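Presented as structure tokens, the chain that follows is alone, the form deposited in one PDB entry.
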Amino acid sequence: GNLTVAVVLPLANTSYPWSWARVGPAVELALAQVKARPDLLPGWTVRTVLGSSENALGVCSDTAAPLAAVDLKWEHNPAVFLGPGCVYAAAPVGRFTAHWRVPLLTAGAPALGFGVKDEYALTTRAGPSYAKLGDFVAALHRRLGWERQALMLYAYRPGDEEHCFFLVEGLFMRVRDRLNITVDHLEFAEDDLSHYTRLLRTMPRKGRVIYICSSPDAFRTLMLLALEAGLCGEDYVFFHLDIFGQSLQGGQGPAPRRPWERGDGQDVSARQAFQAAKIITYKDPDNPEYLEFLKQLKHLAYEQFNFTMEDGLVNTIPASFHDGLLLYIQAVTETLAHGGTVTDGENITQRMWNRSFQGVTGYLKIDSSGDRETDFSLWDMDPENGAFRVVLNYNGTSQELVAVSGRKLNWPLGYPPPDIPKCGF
């Protein structure tokens, strides 16, 4: 028989980590591998019927994603959805598919509200989540001894789909649960220098361990302002939540990075200001299978969709769709082997949750709630060269930190600064 796979992704806009111009060859490679392995759905054929989740302007829309999903459901009767990876498009489509009793795979939709599996039954997330980043910092605080207070700033920009609002919402909500610490939750406009001055005035009263979600330019500007304000590294620690490594040119390899450099005269004084800054990115998989998959993905993305892949850390999202789709196909194969159909949403989904799988991105594990366990990296600056390099790797499954071969965190005083000064704030 056949197994339709409805796809609701941006088909023309090629500026998203999940856009069809980069996820298309991932699914194509996955389906090419399914058809060469007798152990996966013996004799069946897997098809894709693809709709678009973007409006007339060409951007994510919660208005057109459900329309496309309903059209696809009415016409083709899919067995699964590679639902939207976009926070605003994913919610209505996930509610529709939960009402229809159809599984929904996605390597996007990292928002916290999507993880309420009473309203979003049968949906799986094979890619990074935002709440899983609250486990990482919780593991930092236990290791570094901070157990009192923290502050969390998130920038605002008119264009983006409130990326940092959701990022820090998830981080904050999970950090409250894991730790009984006092956290503060602030926002600033990313273009108003008045807001930056106000923020530099404010912080000395609210915390000594600050997590900032902003663009690389805004974080460099904040560091330069803080250095002038006197906010040195013997007191503060600034953590830049740059998940896709945009300030590190992707952060895809061992090359030395120096994100404090712009060649604008003040980059001599920007190296000084970054002595109290560390960067929290996703983890770049090291296995050779990932490199081979990237090598043969970059070629399909050119021959098929006439689009050139950028060679960064956003490729993990195209690879996670491949891994998740293969995991789903294996679950469906087991379900059929136990005498079922490809329409048993509940039986199929409970064979995906709470198990480990071997993909190109490593040996991953979908947790008991359906969300994938995410691994992170912490970058710090070398005292001698001045270049940034990875110093800590966090394994989501076992929930522990590993120091890279011959590296350790660079603290100005040799040890982390306390999160509570001599006489508080």
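Residue positions are given as counts along the sequence shown, with the first one as 1.
Although it is not shown, the form solved in complex with a partner chain is what the next lines describe.
Chemist: Thinking of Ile280, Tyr290 and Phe376 as one candidate spot, does its partner chain come within 4.5 Å of a heavy atom in every one of them in the deposited bound form?
Modeler: No, the candidate spot makes no contact with its partner chain.
Chemist: I need the one stretch from 318-326, 219-227, 107-115, 126-134 whose residues put non-hydrogen atoms within 4.5 angstroms of its partner chain in the deposited bound form.
Modeler: Result for this chain: 107-115.
Chemist: Looking in the deposited bound form, any heavy atom of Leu336 within 4.5 Å of its partner chain?
Modeler: No, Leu336 stays farther than 4.5 Å from its partner chain in the deposited bound form.
Chemist: With the partner left out here, check for me: in the deposited bound form, does some heavy atom of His185 sit within 4.5 Å of its partner chain?
Modeler: Judged by the heavy-atom cut-off of 4.5 Å, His185 is in contact with its partner chain in the deposited bound form.
Chemist: With heavy atoms only and a cut-off of 4.5 Å, decide whether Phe166 touches its partner chain in the deposited bound form.
Modeler: The answer is yes: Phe166 has a heavy atom within 4.5 Å of its partner chain.
Chemist: Could you confirm whether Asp62 comes within 4.5 Å of its partner chain in the deposited bound form, counting heavy atoms only?
Modeler: Yes.
Chemist: Just to confirm, with a 4.5 Å cut-off on non-hydrogen atoms, which of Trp353, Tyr88, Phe307, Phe244 contacts its partner chain in the deposited bound form?
Modeler: Among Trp353, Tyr88, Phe307, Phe244, a heavy atom within 4.5 Å of its partner chain in the deposited bound form occurs only for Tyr88.
Chemist: Note which of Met173, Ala138, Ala121, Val314 lies within 4.5 Å of its partner chain in the deposited bound form, where distance is taken over heavy atoms; exactly one does.
Modeler: Of the listed residues, the single hit is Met173.
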